[PDB]
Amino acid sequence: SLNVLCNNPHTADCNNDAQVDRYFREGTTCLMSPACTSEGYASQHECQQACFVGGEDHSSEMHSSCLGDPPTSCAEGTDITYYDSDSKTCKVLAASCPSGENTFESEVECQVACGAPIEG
């Protein structure tokens, strides 16, 4: 949910509290703005640990299918989207048949499934 704590209330003056320097995520990162000891967080880390989604760990999406052999040009071949273990990207081979599971139903679907940078 929107961690409202991140947004600095910018309250006038902490009555029975202090206007200590606190970090509140602004724009695209945490920056120290003055505030009340409770408002916001106290560490460049803490704020980015609580105001960002942090989805940046071992999200190893590269499915086993990605590492399969590329489609082969087959007699009754069609358009087949596959992950090119060389180009580190997804391509489309026409007049081809699936040599395994390295066959996705679309450019995007493939790109995410194998983590290859998605395009347009």
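Each residue number is its position in the shown sequence, starting from 1.
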property: 1 to 9 versus 110 to 118 - which carries the larger mean C-alpha B factor in the record; result: 110 to 118
property: Higher-B stretch (mean Cα B-factor, as the entry records it), 36 to 44 or 75 to 83; result: 75 to 83
property: Chain third (lowest, middle, highest) by recorded CA B-factor, residue given as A50; result: lowest
property: Record-listed C-alpha B factor of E105: chain third; result: lowest
